[PDB]
Structure formats: structure tokens, C-alpha cells
Amino acid sequence: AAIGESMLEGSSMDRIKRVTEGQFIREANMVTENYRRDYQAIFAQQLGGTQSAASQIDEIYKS
Amino acid sequence: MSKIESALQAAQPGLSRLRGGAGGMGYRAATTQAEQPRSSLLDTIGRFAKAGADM
Amino acid sequence: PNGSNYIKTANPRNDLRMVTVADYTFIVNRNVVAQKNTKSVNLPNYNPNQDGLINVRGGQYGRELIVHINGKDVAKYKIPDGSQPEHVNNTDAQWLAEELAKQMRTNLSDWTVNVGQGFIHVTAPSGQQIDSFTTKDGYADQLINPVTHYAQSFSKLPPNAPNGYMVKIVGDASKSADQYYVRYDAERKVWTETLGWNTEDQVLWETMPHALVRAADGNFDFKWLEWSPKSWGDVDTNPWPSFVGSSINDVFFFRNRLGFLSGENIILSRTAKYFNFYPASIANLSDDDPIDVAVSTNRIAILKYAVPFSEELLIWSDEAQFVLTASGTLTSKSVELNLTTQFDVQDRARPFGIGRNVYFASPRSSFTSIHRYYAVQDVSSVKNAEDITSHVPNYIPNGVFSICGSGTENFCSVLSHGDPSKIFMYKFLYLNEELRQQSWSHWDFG
């Protein structure tokens, strides 16, 4: 809206919007990546629990 | 030879990218789920023993 | 190209108005009335009951999954207790979706159902349709929920879905505030807001104003202008532009917005996209949205002329004169319209803007009388249009078809078809808003 009524146009006037659109893309990329870290943590916890159950079953069997 | 410049005087259409209101992306799927081949193997050993080697 | 029926009529002077920007000249025919294209529709006879989805969030041990379709519990699965490690596949989301689809196929052979990335899609034959679509899982719907084309809240949409799926939000179910459609995009994995099913778009691309564009070779082309179609919502949520029913009287450009004057409605385009008169998206009122404001006052005012300026936009009616201005940016909420004067304006006047002054003709019984209106920025100082041809009320025949003039040589030419052999000069000179010279004369060429 502002770059449309300016009466200037050009390359710098498009760099203003391009940089802004980039900030939103990077911020969303962070939401999409914070999720990946959380899923990785859940994965590690699940593997740890499974390994603990495995070791406990070995202990029970060994008597 | 000459070039039309009205589209430059305006926002020339279909050039790079146009955005609407796209929402609800949801990112991606997951890399499978925590696999338990180790525990399945161990429990198979346990049952095999508890059935055949535990008379 | 594209025909030439737009330029017709035995009186082009009184039926054609156009304004030119670099390399385009938009032409609007006052007699032609815009219409909506009934042939163009997204989904002509869409049946929202044709298909559905079954989002599978996950599996919990010891629960039971039931799919109820058309009164039949087609699918029934009992997840094991969970003592054996082999139950990992049984609780897996994709394995469970495949099992549910297999059971549905066994209990519904004719129906076609295919497994998705995180869902089961049910597509009934054309003859039949889905009436009842409910699922019971015993875990407060945290494992699987039924998804149809009507989803209450935005978050209810499944994370993944077929590429062409369409869903309507209808957030309130009793108000029109939150009604819009979103379709999934497989490749991008994003739900994109799009125009609803069985909804028209485009305005036939013919009755709308055309343009005269200079081609690359240096010649000129006459064609319609590619307008933008509706991008979201049905007719109840994205109403047609007010010009779609009536004709367009004038074409102008204010603040970089292609504007039209249809009936009592002033219609402006987007800040930069001149061919897009519809808003962007119904999610949050945007800044560069089109303006379709209607003047509301005691008298139904038919807008006739609109001479623009750098920051003001004079709007003239038969017995009204408004000024559409906005402090800052014209954003459809900061737009302010204020009545200024109430002098009479005739139908066939041809205003010409020489700087602030705008000269318009007011025909009389036999001889026209020119008028001048100043465009002072201070609305509190506005004065009714003057009559420069007061000492010479005659001397101009009743029919005037051009009031073109210059601003650097300080003159205003007037042409009349009553005596087409004469050009009427009006030489003036203003020193600090002071009338120094007034000269009236004609140039008789034979």
C-alpha cells in the first residue's frame, strides 16, 4: 500500500518488501524447526524407555 | 522493438510470487516412530526360552 | 483483436470516457452495463457429501476403533492389550489406517477408498452419497476423528489430505463472519484459502472497460483487460463489485488505484493491481484492499465526474460535490469523504483540470456558460463555482464537446459543435490567487 502510493518504484522499493517477506519465512522456518527438536527429544525418550524395558526383561529372564 | 511499460507502472502480474491467505501448513510428517527391534528381539528370546528351554 | 463492439454508438463524444497511463489507455463505455459470467464456475454441481476423510492422530492400546458410515459399522478393530512388542505395528498410525481401509473395503466393495499419508479417504460412487459419517474410538476422539467438507474450527483440518480436497470453516454456524473455504495443496503441504465450490467468477471480460495499448512494434492493440477472479468466499462473503449490475460512468486513477464511478458508488482498485477489485483474503482486514464505498446522504446521488489530484479526489454529482481524501494512506479505513459544495452540475459538462482550477460547462437554453471551481486544499474556504462567462453569457453555442486547454500558456480552449468552425480562447493570468486578466475570444478557421 505505502510502496504503491510512493510514486518512486524501482529496485530499492522492491528490496523493502523482499526483506520483509524473508523475515516472515525465516520466523516460520524457526517454528517448523523448534518442532523438529521436540520430536527428536520424544524419539530419544522413547528409545531410552524401550531399551530400559529390554534390559529389565533380560534381568527377569536371567533369574 | 519498443517495450510496454504500463505493467511496470503497475504491479506486473504473474512474475515471481503472489500470496493470498494460506494457513494451516502443518510442516511435515515424522521420521517413522521410535522403533523397538531390540525389545522385540529380546522378548522373542524370552518367550522362546520360557516355552522350550524352561521345561 | 477480441472484437470492437465496445466502441460503438452514434455519439462517441457523450458515451466514451478514458484516462491514459504510460502505454495503456483505459476505455469505458457509459452505455454498456457490466455483467457476471454465469458459465465460469469452480465446481458446477459439487456434492460435499460425495467423499470424506478419517484423520488418524495415533493409536492407543486397549481401545476399539469403529467407523460408522450410512448406518453401518463397516470397520471394527480392537488394538491388543500391549504386552507383545509385535503390537507396535498394530498401534502405528499408518498400519491402523491401512487396516481400517481394508475393513471398509471388505464391508464396502463398490465404494473406492485409498490410504493416504495420514488419513483414509472415502469416495462413494456417483449414484450414492454419504449421509451419516461418525466414528467412535473410546478415547475422546484423540485417536481418530471424522473429517468432512464442513469443519467447525480452523485447527480441525487434518495436517495432510488429498491434493484437491475442499473444506469450509463455518466457524459460528449462525453468523456470516467466519465463512470461507480452504483447499489442501499436496506438493506444498499447505492448506490454501480458495474460492468456494459452485461459485461464479469473472465478469465476462467483455462489458468491462477495454484498453488501447501500444504494441512492441509501435502499433496499437485494442482488447479487453485481464481482470482478477474471486479468490475466496462465496457470493455471500465476497459480494460482487457494485459495478457488476450497473454501468460505469467514468474511469480515473487516484493514489495508484484504477477507479470507476458506477451509479452512487465509487469503486477503487488495489493499490498496485489495477485489475483486481476483490480483497486479498478474509483473515485480517488488509491495507491495500479495494475500496467500494457508497455515498450515503439524504438524496440519492448519482456520481458523474471525478477529477483526481495528488492527495484529493473531487467527486461531482448533479447537486453535490464531495472530496474523497485520506490523511496518510488510503487504506479503506482512513478514507474520508466530506461534502463541500452544492452547486448545480449539468450532465454534459466536460471538466478540465488546469492546476487547481477546473473548468466545466453548464449548457443553457441556447448558449453555453462556462464555470470555474477552485480546488483549495482548505475545505473550510471552498466557494461555489463561479461563472467566468458572465460578461459574455452568449458567444458559446449550447453544444460543447471539448474544454481542453493548457496550463503553461494560461488559456482554456473550448470547442462547440453548434459552430464547429471556431475555437474559443480564454486567456487568464493568476498572481497569488488574484484574477489579473480575463480575455474571451474565438479563432475562426472558416
# chains A, B, ... in the order shown; residues from 1 in each chain; ligands from 1
>>> interface_residues(of="chain A", to="chain C", cutoff="6 Å", atoms="only C-alpha atoms", output="VMD selection string")
chain A and resid 1 4 to 5
>>> select_by_dssp(residues="segment 210-394 of chain C", states="strand (DSSP E or B)", output="JSON, numbers by chain")
{"C": [210, 211, 212, 213, 214, 220, 221, 222, 223, 247, 251, 252, 253, 254, 257, 258, 259, 260, 261, 262, 265, 266, 267, 268, 291, 294, 305, 306, 307, 308, 313, 314, 315, 316, 321, 322, 323, 324, 325, 326, 335, 336, 337, 338, 339, 340, 341, 352, 353, 354, 357, 358, 359, 360, 361, 362, 367, 369, 370, 371, 372, 373, 386]}
>>> interface_residues(of="chain B", to="chain A", cutoff="6 Å", atoms="only C-alpha atoms", output="list in words")
residues 27, 34 and 39 of chain B
>>> write_last_selection(atoms="N, CA and C atoms", output="compact mmCIF listing (two decimals), in the first residue's frame")
# COMPACT_ATOMS: atom_id res chain seq x y z
N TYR B 27 3.73 -28.03 8.59
CA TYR B 27 5.10 -28.51 8.41
C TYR B 27 5.17 -29.85 7.70
N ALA B 34 9.46 -44.23 17.05
CA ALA B 34 10.51 -44.93 17.78
C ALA B 34 10.39 -46.43 17.57
N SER B 39 13.84 -54.49 21.58
CA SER B 39 12.95 -55.06 22.59
C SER B 39 12.14 -56.22 22.02
>>> interface_residues(of="chain C", to="chain B", cutoff="9 Å", atoms="only C-alpha atoms", output="ChimeraX atom specification")
/C:21-24,84-86,88,92,117-118,154-155,157-160,182,188-194,213-218,231,256,271-274,280-283
>>> atom_distance(atom1="atom CA of residue 133 of chain C", atom2="atom CA of residue 70 of chain C")
6.8 Å
>>> atom_distance(atom1="atom CA of residue 249 of chain C", atom2="atom CA of residue 304 of chain C")
6.3 Å
>>> residues_around(residues="segment 359-369 of chain C", least_positions_apart="4", cutoff="6 Å", atoms="only C-alpha atoms", output="mmCIF file with N, CA, C and O atoms, in the first residue's frame")
data_model
loop_
_atom_site.group_PDB
_atom_site.id
_atom_site.type_symbol
_atom_site.label_atom_id
_atom_site.label_comp_id
_atom_site.auth_asym_id
_atom_site.auth_seq_id
_atom_site.Cartn_x
_atom_site.Cartn_y
_atom_site.Cartn_z
ATOM 1 N N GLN C 346 -24.344 20.115 -14.694
ATOM 2 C CA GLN C 346 -25.141 19.522 -15.753
ATOM 3 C C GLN C 346 -24.523 18.204 -16.212
ATOM 4 O O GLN C 346 -23.395 17.854 -15.859
ATOM 5 N N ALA C 349 -21.370 18.371 -18.995
ATOM 6 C CA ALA C 349 -20.168 19.135 -18.701
ATOM 7 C C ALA C 349 -18.933 18.266 -18.901
ATOM 8 O O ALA C 349 -18.966 17.047 -18.713
ATOM 9 N N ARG C 350 -17.832 18.904 -19.288
ATOM 10 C CA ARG C 350 -16.581 18.217 -19.603
ATOM 11 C C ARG C 350 -15.460 18.876 -18.815
ATOM 12 O O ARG C 350 -14.648 19.626 -19.374
ATOM 13 N N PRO C 351 -15.377 18.609 -17.514
ATOM 14 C CA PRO C 351 -14.394 19.315 -16.685
ATOM 15 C C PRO C 351 -12.976 19.092 -17.183
ATOM 16 O O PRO C 351 -12.610 17.998 -17.612
ATOM 17 N N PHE C 352 -12.177 20.155 -17.124
ATOM 18 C CA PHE C 352 -10.759 20.099 -17.444
ATOM 19 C C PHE C 352 -9.984 20.729 -16.299
ATOM 20 O O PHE C 352 -10.279 21.857 -15.895
ATOM 21 N N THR C 389 -17.919 33.260 -17.788
ATOM 22 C CA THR C 389 -18.637 33.847 -18.920
ATOM 23 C C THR C 389 -19.859 34.628 -18.452
ATOM 24 O O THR C 389 -20.978 34.404 -18.910
ATOM 25 N N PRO C 393 -22.371 36.198 -21.586
ATOM 26 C CA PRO C 393 -23.175 34.980 -21.385
ATOM 27 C C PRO C 393 -23.420 34.209 -22.666
ATOM 28 O O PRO C 393 -23.407 32.972 -22.662
ATOM 29 N N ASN C 394 -23.638 34.913 -23.765
ATOM 30 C CA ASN C 394 -23.739 34.313 -25.086
ATOM 31 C C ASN C 394 -22.316 34.090 -25.598
ATOM 32 O O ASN C 394 -21.369 34.049 -24.806
ATOM 33 N N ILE C 396 -21.096 31.352 -26.915
ATOM 34 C CA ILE C 396 -20.754 29.939 -26.951
ATOM 35 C C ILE C 396 -22.034 29.159 -27.227
ATOM 36 O O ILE C 396 -22.976 29.222 -26.432
ATOM 37 N N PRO C 397 -22.129 28.415 -28.327
ATOM 38 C CA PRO C 397 -23.360 27.668 -28.604
ATOM 39 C C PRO C 397 -23.602 26.596 -27.555
ATOM 40 O O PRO C 397 -22.725 26.231 -26.770
ATOM 41 N N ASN C 398 -24.833 26.081 -27.558
ATOM 42 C CA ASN C 398 -25.271 25.200 -26.482
ATOM 43 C C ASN C 398 -24.454 23.918 -26.416
ATOM 44 O O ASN C 398 -24.308 23.338 -25.335
#
>>> atom_distance(atom1="atom CA of residue 428 of chain C", atom2="atom CA of residue 409 of chain C")
9.0 Å
